[PDB]
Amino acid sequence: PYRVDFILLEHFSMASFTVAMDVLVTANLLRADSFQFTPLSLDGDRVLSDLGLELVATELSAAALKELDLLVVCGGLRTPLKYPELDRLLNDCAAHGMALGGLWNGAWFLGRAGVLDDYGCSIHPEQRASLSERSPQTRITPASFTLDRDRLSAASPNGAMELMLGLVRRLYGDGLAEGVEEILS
């Protein structure tokens, strides 16, 4: 069971998050227990999305990240660029051997944390300039998603759907991913 958790930041792109989840759930629909996932919050059991809706989430536990294969930072247009704690948290997750990710502008955070050094990534245009300024060793891919080793990132909802399809393809084959796509699309 590939374990992936999503850190939902305030004003996170709901469409980015829900489409990525759809892919992982639909994958399970055709192939049992392929993925285990959990929405996570840095502070609280509720996170507000860019749609005004709040989602219930588990309060992140530095310890309970240990059993993870992938930690994804979910941001959005109005997502505040703070959360200084994410820097050592992601660095340690990177040291531990975890794959790391970001939707919409989550790559900005992976960038500041120094975990995209000599890696490609996708990020929303609004934060492209800052990401390059803070992380010179990070390359900006001229496309909506990026699958570079253990660094997965997307700049848009569609990029996020392709990103998780890329993940499904890399783990269980073109067969499952192609099947997942048929249902969703």
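Throughout, we count residues from 1 along the sequence that is shown.
Taking the mean C-alpha B-factor of each stretch as recorded, 172-180 and 7-15 are not equal, and the higher mean is that of 172-180. Comparing 154-162 with 54-62, the stretch with the higher mean C-alpha B-factor in the PDB entry is 54-62. Residue set 49, 41, 138, 144: peak C-alpha B-factor at 138 (per PDB entry). Ranked against the other modelled residues of its chain, the C-alpha B-factor of residue 95 as given in the entry falls in the highest third. Among all modelled residues in its chain, residue 32 ranks in the highest third by Cα B-factor. Annotation for residue 68: C-alpha temperature factor in the highest third relative to the rest of the modelled chain, per the entry.
Ranked by Cα temperature factor within the chain, residue 127 sits in the middle third according to the deposited record.
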